[PDB]
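Quick setup: one chain, the form deposited in one PDB entry, written in structure tokens, and binding and motion questions come after.
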């Protein structure tokens, strides 16, 4: 629905308080006074091109309203304000994640990975570890549990739509071959649901534990691909996975949408795996 309310007094931001920067249309920019926390803050802006159809305007507006309605969550790009009143183009302003999409970031740390650290820890400064990977998965799962709980369906959950912020905090965003993230029922029936988002999460898991690889490596995405997918064929375990994570991937990819775990179960499961890994890490650190 678009019937959602827009509270101008709370969200409206003056267009001349922004200084548009480079493209990420989604642009990066400097916003002055959008925060009572400072005077100048870097932010991201999604705006309508100068052409923009009337229906295209209504679309960006509905996204804005949904962002307002949903609310704040540490693992979802948070809305900061908007320019909707007459005088300029419609603009939606959110926090900025300087490190970019998770896929690209993981791709750049392939030579900087160890399963876990021990002394001397300095030999692994800013390296990725199993803790990091499971932690990104845990956060995205909490973000999705947050959205599913509000009847909000992503429709394009993939590593490219996950942003990396400071302190290894990841956020779910939406820049809005994509068939590779789509569940069987989405491809053959054009059905989108929380469950089909669970399928996508599984593919995201694979991406995270392959360190930014492209799903279904060396496979043409044609009719055979879709046929085999519906028939039960699945990607093999990626290079940096743990046995439990791979099985969570298989669970997410179950043929029956209703047999896949819910995001609450995944949040619960990933949480336990995160603690087990951490406990294991303490022993590895202590003994060596």
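Rigid core here is just the name for the largest C-alpha set that superposes within 1.5 Å across the two forms. Residue numbers count along the first chain shown, from 1.
> Unmodelled stretch from the deposited sequence between residue 24 and residue 25, which bin: none, 1 to 3, 4 to 9, 10 or more?
The entry has a gap there, with 4 to 9 residues left out between residue 24 and residue 25.
> Is there a break between residue 176 and residue 177, and how many deposited residues does it span: none, 1 to 3, 4 to 9, or 10 or more?
Unresolved stretch here: 10 or more residues.
> Which has higher Cα B-factors on average according to the PDB entry: 205-213 or 177-185?
Taking the mean B-factor of the alpha carbons in each, 177-185 is higher.
> Give the stretch, out of 241-249 and 38-46, with the larger mean C-alpha temperature factor in the deposited entry.
The recorded data point to 38-46.
> If I read the C-alpha B-factors straight from the PDB entry, which of 171, 167, 85, 109 is highest?
The C-alpha B-factor peaks, among 171, 167, 85, 109, at 167.
> Out of 236, 65, 227, 254, which shows the largest CA B-factor listed in the entry?
When the deposited C-alpha B-factors of 236, 65, 227, 254 are compared, 227 is largest.
> Where does residue 69 sit by CA temperature factor within its chain: lowest, middle or highest third?
Tercile = middle for this residue's CA B-factor.
> Hey, what third does residue 124 fall into on Cα B-factor, ranked over its chain?
Answer is highest: the recorded C-alpha B-factor places it there.
> With respect to C-alpha B-factor, does residue 159 fall in the lowest, middle or highest third of the chain as deposited?
Ranked within chain, residue 159 CA B lands in the middle tercile.
> Ranked by Cα temperature factor within the chain, is residue 151 in the lowest third, the middle third or the highest third?
Residue 151: CA B-factor falls in the highest third of its chain.
> Place residue 259 in the lowest, middle or highest third of its chain's C-alpha B-factors, as listed in the PDB entry.
Tercile = middle for this residue's CA B-factor.
In what follows, reference is made to the form deposited in another entry, a form of this protein that is not presented.
> Listing 139, 84, 195, 186 as candidates, which single one shows a C-alpha movement of 2 Å or greater between this form and the one not shown when the core is held fixed?
Shifted by 2 Å or more: 84 only.
> Following rigid core alignment, is the displacement of the residue 236 C-alpha between this form and the one not shown equal to or greater than 2 angstroms?
Superposed on the core, residue 236 moves its C-alpha less than 2 Å between this form and the one not shown.
> Superposing on the rigid core, does the Cα of residue 249 end up 2 Å or more away between this form and the one not shown?
Where the cores coincide, residue 249 shows only a C-alpha shift between this form and the one not shown that is less than 2 Å.
> When you overlay the rigid core, is the Cα of residue 271 off by 2 Å or more between this form and the one not shown?
No, shifts by less than 2 Å.
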